$ cat entry-v5.json   # JSON, C-alpha atoms
[["chain", "number", "residue", "atom", "x", "y", "z"],
["A", 114, "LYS", "CA", -17.56, -2.73, 24.37],
["A", 115, "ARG", "CA", -17.91, -2.29, 20.61],
["A", 116, "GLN", "CA", -21.34, -3.88, 20.98],
["A", 117, "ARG", "CA", -22.31, -1.10, 23.39],
["A", 118, "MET", "CA", -20.69, 1.39, 21.02],
["A", 119, "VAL", "CA", -23.02, 0.33, 18.21],
["A", 120, "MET", "CA", -26.04, 0.34, 20.51],
["A", 121, "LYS", "CA", -25.35, 3.98, 21.38],
["A", 122, "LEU", "CA", -24.83, 4.73, 17.69],
["A", 123, "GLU", "CA", -28.21, 3.12, 17.00],
["A", 124, "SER", "CA", -29.81, 5.42, 19.56],
["A", 125, "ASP", "CA", -28.02, 8.28, 17.80],
["A", 126, "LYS", "CA", -29.99, 9.36, 14.74],
["A", 127, "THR", "CA", -27.80, 9.22, 11.63],
["A", 128, "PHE", "CA", -28.63, 9.52, 7.94],
["A", 129, "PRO", "CA", -26.59, 8.30, 4.96],
["A", 130, "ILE", "CA", -26.20, 10.31, 1.76],
["A", 131, "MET", "CA", -28.14, 8.38, -0.87],
["A", 132, "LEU", "CA", -27.51, 8.71, -4.60],
["A", 133, "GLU", "CA", -29.04, 6.22, -7.03],
["A", 134, "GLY", "CA", -29.41, 3.87, -4.07],
["A", 135, "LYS", "CA", -25.73, 4.21, -3.18],
["A", 136, "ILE", "CA", -24.36, 5.65, 0.06],
["A", 137, "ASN", "CA", -21.66, 8.19, -0.80],
["A", 138, "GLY", "CA", -21.28, 9.49, 2.75],
["A", 139, "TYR", "CA", -23.13, 10.32, 5.97],
["A", 140, "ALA", "CA", -24.68, 13.40, 7.58],
["A", 141, "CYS", "CA", -26.08, 14.21, 11.02],
["A", 142, "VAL", "CA", -27.11, 17.03, 13.35],
["A", 143, "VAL", "CA", -24.71, 18.27, 16.03],
["A", 144, "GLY", "CA", -25.12, 21.28, 18.32],
["A", 145, "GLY", "CA", -28.56, 21.80, 16.81],
["A", 146, "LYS", "CA", -27.19, 22.28, 13.30],
["A", 147, "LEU", "CA", -27.07, 19.96, 10.29],
["A", 148, "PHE", "CA", -23.72, 19.16, 8.68],
["A", 149, "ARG", "CA", -22.87, 17.35, 5.44],
["A", 150, "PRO", "CA", -19.62, 16.40, 3.72],
["A", 151, "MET", "CA", -19.43, 18.67, 0.69],
["A", 152, "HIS", "CA", -17.33, 16.34, -1.46],
["A", 153, "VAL", "CA", -20.11, 13.78, -1.11],
["A", 154, "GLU", "CA", -22.71, 13.87, -3.88],
["A", 155, "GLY", "CA", -26.33, 12.85, -3.35],
["A", 156, "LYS", "CA", -29.08, 13.65, -0.85],
["A", 157, "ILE", "CA", -29.43, 12.87, 2.85],
["A", 158, "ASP", "CA", -31.72, 9.97, 3.75],
["A", 159, "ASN", "CA", -34.24, 12.36, 5.29],
["A", 160, "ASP", "CA", -36.80, 14.46, 3.42],
["A", 161, "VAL", "CA", -37.14, 16.86, 6.35],
["A", 162, "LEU", "CA", -33.42, 17.64, 6.48],
["A", 163, "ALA", "CA", -33.12, 17.57, 2.69],
["A", 164, "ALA", "CA", -35.86, 20.21, 2.52],
["A", 165, "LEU", "CA", -33.43, 22.56, 4.26],
["A", 166, "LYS", "CA", -31.13, 24.78, 2.22],
["A", 167, "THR", "CA", -27.47, 24.37, 3.16],
["A", 168, "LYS", "CA", -24.55, 26.80, 3.12],
["A", 169, "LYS", "CA", -21.14, 25.92, 1.71],
["A", 170, "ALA", "CA", -17.74, 25.92, 3.40],
["A", 171, "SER", "CA", -15.06, 25.40, 0.76],
["A", 172, "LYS", "CA", -12.22, 26.03, 3.21],
["A", 173, "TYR", "CA", -13.08, 22.76, 4.96],
["A", 174, "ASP", "CA", -15.11, 21.31, 2.09],
["A", 175, "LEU", "CA", -18.22, 21.05, 4.27],
["A", 176, "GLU", "CA", -21.84, 22.15, 4.13],
["A", 177, "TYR", "CA", -24.11, 23.12, 7.03],
["A", 178, "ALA", "CA", -27.65, 24.23, 7.85],
["A", 179, "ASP", "CA", -29.71, 25.48, 10.79],
["A", 180, "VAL", "CA", -32.10, 23.04, 12.46],
["A", 181, "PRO", "CA", -35.48, 24.08, 13.88],
["A", 182, "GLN", "CA", -35.40, 24.47, 17.66],
["A", 183, "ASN", "CA", -38.11, 21.83, 18.01],
["A", 184, "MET", "CA", -35.73, 19.43, 16.26],
["A", 185, "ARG", "CA", -32.85, 20.80, 18.33],
["A", 186, "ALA", "CA", -34.61, 19.21, 21.30],
["A", 187, "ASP", "CA", -32.54, 16.11, 20.53],
["A", 188, "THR", "CA", -29.24, 16.47, 18.69],
["A", 189, "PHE", "CA", -25.63, 15.36, 19.10],
["A", 190, "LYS", "CA", -23.72, 16.76, 22.08],
["A", 191, "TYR", "CA", -20.15, 17.96, 21.58],
["A", 192, "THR", "CA", -17.47, 18.15, 24.27],
["A", 193, "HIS", "CA", -14.00, 19.67, 24.53],
["A", 194, "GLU", "CA", -12.53, 16.92, 26.70],
["A", 195, "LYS", "CA", -10.20, 15.13, 24.30],
["A", 196, "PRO", "CA", -7.71, 13.14, 26.38],
["A", 197, "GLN", "CA", -5.39, 10.50, 24.93],
["A", 198, "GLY", "CA", -6.75, 6.96, 24.87],
["A", 199, "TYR", "CA", -9.36, 5.20, 22.74],
["A", 200, "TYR", "CA", -12.64, 6.48, 21.31],
["A", 201, "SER", "CA", -15.64, 4.89, 19.60],
["A", 202, "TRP", "CA", -17.08, 5.03, 16.09],
["A", 203, "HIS", "CA", -19.19, 3.01, 13.65],
["A", 204, "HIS", "CA", -16.22, 0.96, 12.48],
["A", 205, "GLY", "CA", -15.24, -0.17, 15.98],
["A", 206, "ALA", "CA", -12.70, 1.57, 18.20],
["A", 207, "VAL", "CA", -10.18, 4.28, 17.32],
["A", 208, "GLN", "CA", -6.81, 5.13, 18.86],
["A", 209, "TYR", "CA", -6.28, 8.76, 19.83],
["A", 210, "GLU", "CA", -2.75, 10.00, 20.54],
["A", 211, "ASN", "CA", -0.66, 13.06, 19.71],
["A", 212, "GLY", "CA", -3.94, 14.74, 18.76],
["A", 213, "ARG", "CA", -4.31, 12.20, 15.95],
["A", 214, "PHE", "CA", -6.74, 9.35, 15.29],
["A", 215, "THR", "CA", -5.46, 6.03, 13.94],
["A", 216, "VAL", "CA", -7.13, 2.69, 13.23],
["A", 217, "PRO", "CA", -6.11, -0.78, 12.06],
["A", 218, "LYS", "CA", -5.53, -1.09, 8.32],
["A", 219, "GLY", "CA", -8.50, -2.04, 6.15],
["A", 220, "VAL", "CA", -10.79, 0.08, 8.33],
["A", 221, "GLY", "CA", -12.46, 3.08, 6.69],
["A", 222, "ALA", "CA", -12.80, 3.98, 3.01],
["A", 223, "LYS", "CA", -14.39, 6.32, 0.47],
["A", 224, "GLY", "CA", -18.04, 6.85, 1.40],
["A", 225, "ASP", "CA", -17.52, 6.63, 5.15],
["A", 226, "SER", "CA", -17.30, 10.41, 5.47],
["A", 227, "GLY", "CA", -19.55, 11.87, 8.16],
["A", 228, "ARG", "CA", -18.97, 9.23, 10.83],
["A", 229, "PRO", "CA", -18.63, 10.94, 14.21],
["A", 230, "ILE", "CA", -16.24, 10.04, 17.02],
["A", 231, "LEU", "CA", -17.70, 9.56, 20.49],
["A", 232, "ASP", "CA", -16.12, 9.40, 23.95],
["A", 233, "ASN", "CA", -16.99, 7.10, 26.84],
["A", 234, "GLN", "CA", -19.97, 9.33, 27.64],
["A", 235, "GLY", "CA", -21.21, 9.20, 24.05],
["A", 236, "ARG", "CA", -20.21, 12.82, 23.49],
["A", 237, "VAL", "CA", -18.84, 14.00, 20.15],
["A", 238, "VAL", "CA", -15.14, 14.87, 20.15],
["A", 239, "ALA", "CA", -14.50, 14.83, 16.40],
["A", 240, "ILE", "CA", -15.97, 14.02, 12.99],
["A", 241, "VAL", "CA", -14.24, 11.77, 10.47],
["A", 242, "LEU", "CA", -13.92, 13.33, 7.02],
["A", 243, "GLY", "CA", -11.19, 11.23, 5.41],
["A", 244, "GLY", "CA", -7.99, 9.29, 6.04],
["A", 245, "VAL", "CA", -4.78, 7.88, 4.56],
["A", 246, "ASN", "CA", -3.16, 4.44, 4.50],
["A", 247, "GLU", "CA", -0.37, 4.13, 7.07],
["A", 248, "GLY", "CA", 0.81, 0.54, 6.79],
["A", 249, "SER", "CA", -0.51, -1.57, 9.66],
["A", 250, "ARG", "CA", -2.88, 1.30, 10.44],
["A", 251, "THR", "CA", -4.55, 4.30, 8.82],
["A", 252, "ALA", "CA", -4.44, 7.97, 9.80],
["A", 253, "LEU", "CA", -7.81, 9.73, 9.93],
["A", 254, "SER", "CA", -8.57, 13.24, 8.70],
["A", 255, "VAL", "CA", -10.93, 14.82, 11.21],
["A", 256, "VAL", "CA", -12.44, 18.09, 12.40],
["A", 257, "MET", "CA", -12.35, 19.18, 16.05],
["A", 258, "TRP", "CA", -13.12, 22.31, 18.05],
["A", 259, "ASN", "CA", -11.15, 24.11, 20.76],
["A", 260, "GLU", "CA", -12.57, 25.12, 24.14],
["A", 261, "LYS", "CA", -12.65, 28.65, 22.73],
["A", 262, "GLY", "CA", -15.09, 27.44, 20.08],
["A", 263, "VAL", "CA", -12.45, 27.45, 17.34],
["A", 264, "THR", "CA", -13.06, 25.16, 14.36],
["A", 265, "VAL", "CA", -9.90, 23.28, 13.41],
["A", 266, "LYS", "CA", -9.63, 20.72, 10.61],
["A", 267, "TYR", "CA", -6.80, 18.19, 10.87],
["A", 268, "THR", "CA", -5.77, 16.69, 7.53],
["A", 269, "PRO", "CA", -2.67, 14.55, 7.03],
["A", 270, "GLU", "CA", -0.51, 15.51, 4.05],
["A", 271, "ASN", "CA", -2.13, 14.25, 0.85],
["A", 272, "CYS", "CA", -4.85, 12.46, 2.82],
["A", 273, "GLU", "CA", -7.48, 10.74, 0.69],
["A", 274, "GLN", "CA", -11.18, 11.56, 0.89],
["A", 275, "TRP", "CA", -12.64, 8.56, 2.73],
["B", 114, "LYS", "CA", 14.91, -8.78, 32.98],
["B", 115, "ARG", "CA", 17.50, -7.80, 30.38],
["B", 116, "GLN", "CA", 16.13, -10.68, 28.32],
["B", 117, "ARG", "CA", 12.71, -9.03, 28.41],
["B", 118, "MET", "CA", 14.06, -5.58, 27.56],
["B", 119, "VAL", "CA", 16.14, -6.83, 24.63],
["B", 120, "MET", "CA", 13.23, -8.96, 23.44],
["B", 121, "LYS", "CA", 11.20, -5.76, 23.17],
["B", 122, "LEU", "CA", 14.13, -4.20, 21.32],
["B", 123, "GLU", "CA", 14.04, -7.19, 18.99],
["B", 124, "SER", "CA", 10.36, -6.51, 18.31],
["B", 125, "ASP", "CA", 11.48, -3.02, 17.32],
["B", 126, "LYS", "CA", 12.78, -3.08, 13.75],
["B", 127, "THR", "CA", 16.45, -2.10, 13.52],
["B", 128, "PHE", "CA", 18.93, -2.09, 10.64],
["B", 129, "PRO", "CA", 22.71, -2.40, 10.96],
["B", 130, "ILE", "CA", 25.19, -0.49, 8.81],
["B", 131, "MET", "CA", 26.84, -3.11, 6.61],
["B", 132, "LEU", "CA", 30.26, -2.69, 5.01],
["B", 133, "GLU", "CA", 32.01, -5.67, 3.44],
["B", 134, "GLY", "CA", 29.68, -7.85, 5.51],
["B", 135, "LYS", "CA", 30.72, -6.08, 8.72],
["B", 136, "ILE", "CA", 28.44, -4.10, 11.03],
["B", 137, "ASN", "CA", 30.06, -0.72, 11.70],
["B", 138, "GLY", "CA", 27.02, 0.78, 13.41],
["B", 139, "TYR", "CA", 23.22, 0.94, 13.40],
["B", 140, "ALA", "CA", 20.50, 3.17, 11.95],
["B", 141, "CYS", "CA", 16.74, 3.40, 12.46],
["B", 142, "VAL", "CA", 13.70, 5.63, 12.02],
["B", 143, "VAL", "CA", 12.34, 7.84, 14.80],
["B", 144, "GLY", "CA", 9.33, 10.16, 14.53],
["B", 145, "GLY", "CA", 9.08, 9.09, 10.90],
["B", 146, "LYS", "CA", 12.57, 10.32, 10.03],
["B", 147, "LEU", "CA", 15.71, 8.28, 9.37],
["B", 148, "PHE", "CA", 18.89, 8.90, 11.34],
["B", 149, "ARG", "CA", 22.39, 7.53, 10.78],
["B", 150, "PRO", "CA", 25.72, 7.98, 12.55],
["B", 151, "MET", "CA", 27.94, 9.82, 10.07],
["B", 152, "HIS", "CA", 31.24, 8.56, 11.47],
["B", 153, "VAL", "CA", 30.03, 5.05, 10.67],
["B", 154, "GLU", "CA", 31.11, 3.87, 7.23],
["B", 155, "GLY", "CA", 29.06, 1.53, 5.05],
["B", 156, "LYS", "CA", 25.44, 1.28, 3.90],
["B", 157, "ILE", "CA", 22.30, 0.51, 5.90],
["B", 158, "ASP", "CA", 20.89, -3.02, 5.67],
["B", 159, "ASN", "CA", 17.77, -1.65, 3.97],
["B", 160, "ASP", "CA", 17.42, -0.86, 0.27],
["B", 161, "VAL", "CA", 14.34, 1.29, 0.81],
["B", 162, "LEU", "CA", 16.09, 3.52, 3.34],
["B", 163, "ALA", "CA", 19.32, 3.41, 1.34],
["B", 164, "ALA", "CA", 17.38, 4.74, -1.65],
["B", 165, "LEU", "CA", 16.91, 7.93, 0.37],
["B", 166, "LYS", "CA", 19.32, 10.84, -0.02],
["B", 167, "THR", "CA", 20.60, 11.97, 3.38],
["B", 168, "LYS", "CA", 21.61, 15.37, 4.74],
["B", 169, "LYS", "CA", 24.78, 15.86, 6.78],
["B", 170, "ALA", "CA", 25.18, 17.35, 10.26],
["B", 171, "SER", "CA", 28.85, 18.03, 10.96],
["B", 172, "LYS", "CA", 28.06, 19.69, 14.29],
["B", 173, "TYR", "CA", 26.86, 16.33, 15.61],
["B", 174, "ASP", "CA", 28.60, 14.13, 13.05],
["B", 175, "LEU", "CA", 25.19, 12.75, 12.07],
["B", 176, "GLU", "CA", 23.15, 12.20, 8.91],
["B", 177, "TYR", "CA", 19.38, 12.11, 8.48],
["B", 178, "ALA", "CA", 16.64, 11.69, 5.87],
["B", 179, "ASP", "CA", 12.88, 11.92, 5.41],
["B", 180, "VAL", "CA", 10.97, 8.64, 5.45],
["B", 181, "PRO", "CA", 8.12, 7.81, 3.06],
["B", 182, "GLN", "CA", 4.68, 8.09, 4.65],
["B", 183, "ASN", "CA", 4.04, 4.41, 3.92],
["B", 184, "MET", "CA", 7.26, 3.57, 5.75],
["B", 185, "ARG", "CA", 6.33, 5.91, 8.59],
["B", 186, "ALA", "CA", 3.54, 3.44, 9.33],
["B", 187, "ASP", "CA", 5.60, 2.09, 12.22],
["B", 188, "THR", "CA", 8.61, 3.99, 13.56],
["B", 189, "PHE", "CA", 10.27, 4.65, 16.91],
["B", 190, "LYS", "CA", 8.62, 6.94, 19.46],
["B", 191, "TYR", "CA", 10.77, 9.56, 21.18],
["B", 192, "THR", "CA", 10.02, 11.20, 24.52],
["B", 193, "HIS", "CA", 11.35, 14.20, 26.45],
["B", 194, "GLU", "CA", 10.64, 12.61, 29.83],
["B", 195, "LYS", "CA", 14.21, 11.90, 30.93],
["B", 196, "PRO", "CA", 14.27, 11.55, 34.71],
["B", 197, "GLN", "CA", 17.23, 10.20, 36.67],
["B", 198, "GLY", "CA", 17.26, 6.43, 37.12],
["B", 199, "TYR", "CA", 17.92, 3.49, 34.80],
["B", 200, "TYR", "CA", 17.06, 2.91, 31.14],
["B", 201, "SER", "CA", 17.28, 0.01, 28.70],
["B", 202, "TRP", "CA", 19.42, -0.63, 25.63],
["B", 203, "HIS", "CA", 20.78, -3.46, 23.49],
["B", 204, "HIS", "CA", 23.64, -4.17, 25.88],
["B", 205, "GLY", "CA", 21.43, -4.49, 28.95],
["B", 206, "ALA", "CA", 20.61, -1.68, 31.38],
["B", 207, "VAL", "CA", 22.15, 1.79, 31.63],
["B", 208, "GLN", "CA", 22.49, 4.23, 34.52],
["B", 209, "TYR", "CA", 21.33, 7.80, 33.93],
["B", 210, "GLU", "CA", 22.57, 10.45, 36.35],
["B", 211, "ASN", "CA", 23.89, 14.01, 36.20],
["B", 212, "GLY", "CA", 22.53, 14.11, 32.65],
["B", 213, "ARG", "CA", 24.99, 11.36, 31.75],
["B", 214, "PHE", "CA", 24.70, 7.68, 30.85],
["B", 215, "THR", "CA", 27.11, 5.23, 32.47],
["B", 216, "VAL", "CA", 27.56, 1.46, 32.24],
["B", 217, "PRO", "CA", 29.83, -1.24, 33.66],
["B", 218, "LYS", "CA", 33.25, -1.40, 32.02],
["B", 219, "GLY", "CA", 33.62, -3.74, 29.05],
["B", 220, "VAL", "CA", 30.14, -2.84, 27.83],
["B", 221, "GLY", "CA", 29.91, -1.19, 24.42],
["B", 222, "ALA", "CA", 32.57, -0.78, 21.73],
["B", 223, "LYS", "CA", 33.32, 0.40, 18.20],
["B", 224, "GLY", "CA", 30.48, -0.66, 15.90],
["B", 225, "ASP", "CA", 27.73, -0.31, 18.50],
["B", 226, "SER", "CA", 27.00, 3.24, 17.36],
["B", 227, "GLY", "CA", 23.33, 3.86, 16.60],
["B", 228, "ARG", "CA", 21.90, 1.92, 19.54],
["B", 229, "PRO", "CA", 19.11, 3.96, 21.12],
["B", 230, "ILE", "CA", 18.22, 4.07, 24.82],
["B", 231, "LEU", "CA", 14.60, 3.32, 25.68],
["B", 232, "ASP", "CA", 12.51, 3.74, 28.82],
["B", 233, "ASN", "CA", 10.01, 1.30, 30.33],
["B", 234, "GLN", "CA", 7.42, 2.59, 27.86],
["B", 235, "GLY", "CA", 9.74, 1.77, 24.96],
["B", 236, "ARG", "CA", 10.24, 5.48, 24.27],
["B", 237, "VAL", "CA", 13.61, 6.79, 23.11],
["B", 238, "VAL", "CA", 15.38, 9.25, 25.42],
["B", 239, "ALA", "CA", 18.83, 9.25, 23.84],
["B", 240, "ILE", "CA", 21.03, 7.67, 21.17],
["B", 241, "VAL", "CA", 24.48, 6.23, 21.87],
["B", 242, "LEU", "CA", 27.22, 7.36, 19.49],
["B", 243, "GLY", "CA", 30.33, 6.56, 21.53],
["B", 244, "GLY", "CA", 31.80, 6.42, 25.03],
["B", 245, "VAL", "CA", 34.95, 6.59, 27.17],
["B", 246, "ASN", "CA", 36.57, 4.38, 29.81],
["B", 247, "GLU", "CA", 35.81, 5.65, 33.31],
["B", 248, "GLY", "CA", 37.49, 3.15, 35.63],
["B", 249, "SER", "CA", 35.04, 0.50, 36.84],
["B", 250, "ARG", "CA", 32.48, 1.98, 34.45],
["B", 251, "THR", "CA", 32.27, 3.86, 31.15],
["B", 252, "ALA", "CA", 30.70, 7.20, 30.24],
["B", 253, "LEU", "CA", 28.64, 7.22, 27.06],
["B", 254, "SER", "CA", 28.66, 9.92, 24.39],
["B", 255, "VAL", "CA", 25.02, 10.44, 23.48],
["B", 256, "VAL", "CA", 22.52, 12.77, 21.84],
["B", 257, "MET", "CA", 19.21, 13.72, 23.45],
["B", 258, "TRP", "CA", 16.45, 16.28, 22.94],
["B", 259, "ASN", "CA", 14.88, 18.54, 25.56],
["B", 260, "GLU", "CA", 11.19, 19.34, 26.02],
["B", 261, "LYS", "CA", 12.11, 22.61, 24.32],
["B", 262, "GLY", "CA", 12.92, 20.60, 21.19],
["B", 263, "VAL", "CA", 16.62, 21.36, 21.53],
["B", 264, "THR", "CA", 19.19, 18.93, 20.13],
["B", 265, "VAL", "CA", 21.88, 18.41, 22.76],
["B", 266, "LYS", "CA", 24.99, 16.27, 22.36],
["B", 267, "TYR", "CA", 26.82, 15.13, 25.49],
["B", 268, "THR", "CA", 30.40, 14.17, 24.66],
["B", 269, "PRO", "CA", 33.25, 13.69, 27.13],
["B", 270, "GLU", "CA", 36.53, 15.31, 26.09],
["B", 271, "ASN", "CA", 38.39, 12.95, 23.75],
["B", 272, "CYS", "CA", 35.64, 10.35, 24.01],
["B", 273, "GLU", "CA", 36.16, 7.25, 21.87],
["B", 274, "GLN", "CA", 34.05, 6.42, 18.82],
["B", 275, "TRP", "CA", 32.13, 3.33, 19.94]]

$ encode --input "entry-v5.json" --output "structure tokens"
Amino acid sequence: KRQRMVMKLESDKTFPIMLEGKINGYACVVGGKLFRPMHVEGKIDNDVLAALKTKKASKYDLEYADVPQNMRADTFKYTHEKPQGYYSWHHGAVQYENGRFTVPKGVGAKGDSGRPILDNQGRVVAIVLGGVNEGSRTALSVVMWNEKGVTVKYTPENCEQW
Amino acid sequence: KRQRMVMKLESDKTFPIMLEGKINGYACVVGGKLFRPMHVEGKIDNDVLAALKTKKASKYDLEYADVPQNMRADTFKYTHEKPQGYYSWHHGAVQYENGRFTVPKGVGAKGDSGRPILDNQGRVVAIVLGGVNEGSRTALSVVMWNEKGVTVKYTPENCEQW
């Protein structure tokens, strides 16, 4: 499955945040709008997107920008269907339960910010912003949206910026 | 079967309450919080948990404490799904009916306090604190929590501290 997960991720257009040749995070376009982890320093690996001026969101420590409709023709598709089970991301699978994402220990670290979470249909259900070590596993800090279109950021107490 | 159920209980990490080398009860962590039967004298077989200062609950004769996030990595999962039928515990199976737990006579005694009752999913539905002789069987004094999040203690009149 994870093989197929990566293949779908490869089809999905994603761009790392390059600074002095180092990836400090990741950024992509969802719902026809560009997003970037604010805590991450550097520029997106895309001159076209980098040419766009972003707006800040301190509350959630995120930046965003509007994408031209012609480029909106193909962007990431979000869904509200977030049932318990397992989802997919760059670093393999992720366990979703109690409204929380958890993964095996040693998975995820500083600079991985921006990695989206996809369902079985390849639809976005959340975006990974950070996480915190939880013994045999780690708890992820993510952002998700209600069916009412409400933006909610879930961050474990004293979670580290991953 | 009871072998299988106990084997799963063995996989679950539990810590007895040691006093002068004698087990007077049991204590464990559920939902990332430590619980201990107050009527039980002695100290838990766990320095890390013992290092924690507990709060008292006279109403239920119970003590509890907050567990470090790192130690919350793997704790017991509680559920509110408590249908009539049979559940599992250290001393085999247990019958649940009329909101009460009952077992064959000669099962359970002083020092067994702290033993939880789990379902087929390994979820906790109640914790055994004591019991009372009821002819061919015995009625257990237990604590359980409703879907409303209400702490409810079921204790027969003049029930014995088991």

$ closest_residue --input "entry-v5.json" --among "B:137, B:233, B:192, B:274" --to "chain A" --atoms "all atoms listed in the file"
B:192

$ interface_residues --input "entry-v5.json" --of "chain B" --to "chain A" --cutoff "12 Å" --atoms "all atoms listed in the file" --output "number ranges by chain"
B: 144-145, 181-188, 190, 192

$ residues_around --input "entry-v5.json" --residues "residue 146 of chain B" --least-positions-apart "6" --cutoff "6 Å" --atoms "all atoms listed in the file" --output "JSON list (two decimals) with C-alpha atoms, in the frame of the given file"
[["chain", "number", "residue", "atom", "x", "y", "z"],
["B", 178, "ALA", "CA", 16.64, 11.69, 5.87],
["B", 179, "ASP", "CA", 12.88, 11.92, 5.41],
["B", 180, "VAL", "CA", 10.97, 8.64, 5.45]]

$ calpha_fit_rmsd --input "entry-v5.json" --fixed "chain B" --moving "chain A"
0.5 Å

$ atom_distance --input "entry-v5.json" --atom1 "atom CA of residue 202 of chain B" --atom2 "atom CA of residue 255 of chain B"
12.6 Å

$ closest_residue --input "entry-v5.json" --among "A:124, A:215, A:201, A:226" --to "residue 174 of chain A" --atoms "only C-alpha atoms"
A:226

$ residues_near_point --input "entry-v5.json" --point "(-17.3, 6.8, -0.8)" --cutoff "8 Å" --atoms "only C-alpha atoms" --output "list in words"
residues 136, 137, 138, 153, 222, 223, 224, 225, 226, 274 and 275 of chain A

$ residues_around --input "entry-v5.json" --residues "residue 256 of chain B" --least-positions-apart "2" --cutoff "9 Å" --atoms "only C-alpha atoms" --output "mmCIF file with C-alpha atoms, in the frame of the given file"
data_model
loop_
_atom_site.group_PDB
_atom_site.id
_atom_site.type_symbol
_atom_site.label_atom_id
_atom_site.label_comp_id
_atom_site.auth_asym_id
_atom_site.auth_seq_id
_atom_site.Cartn_x
_atom_site.Cartn_y
_atom_site.Cartn_z
ATOM 1 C CA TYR B 173 26.860 16.330 15.610
ATOM 2 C CA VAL B 238 15.380 9.250 25.420
ATOM 3 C CA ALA B 239 18.830 9.250 23.840
ATOM 4 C CA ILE B 240 21.030 7.670 21.170
ATOM 5 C CA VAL B 241 24.480 6.230 21.870
ATOM 6 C CA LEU B 242 27.220 7.360 19.490
ATOM 7 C CA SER B 254 28.660 9.920 24.390
ATOM 8 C CA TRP B 258 16.450 16.280 22.940
ATOM 9 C CA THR B 264 19.190 18.930 20.130
ATOM 10 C CA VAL B 265 21.880 18.410 22.760
ATOM 11 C CA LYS B 266 24.990 16.270 22.360
ATOM 12 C CA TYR B 267 26.820 15.130 25.490
ATOM 13 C CA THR B 268 30.400 14.170 24.660
#

$ residues_around --input "entry-v5.json" --residues "residue 176 of chain A" --least-positions-apart "2" --cutoff "7 Å" --atoms "only C-alpha atoms" --output "ChimeraX atom specification"
/A:148-151,167-170

$ closest_residue --input "entry-v5.json" --among "A:262, A:129, A:155, A:205" --to "residue 117 of chain A" --atoms "all atoms listed in the file"
A:205

$ axis_aligned_box --input "entry-v5.json" --around "segment 266-270 of chain A" --padding-each-side "6 Å" --output "JSON"
{"center_x": -5.1, "center_y": 17.6, "center_z": 7.5, "size_x": 21.1, "size_y": 18.2, "size_z": 18.8}

$ atom_distance --input "entry-v5.json" --atom1 "atom CA of residue 217 of chain A" --atom2 "atom CA of residue 199 of chain A"
12.7 Å

$ closest_residue --input "entry-v5.json" --among "A:166, A:135, A:195, A:172" --to "residue 154 of chain A" --atoms "only C-alpha atoms"
A:135
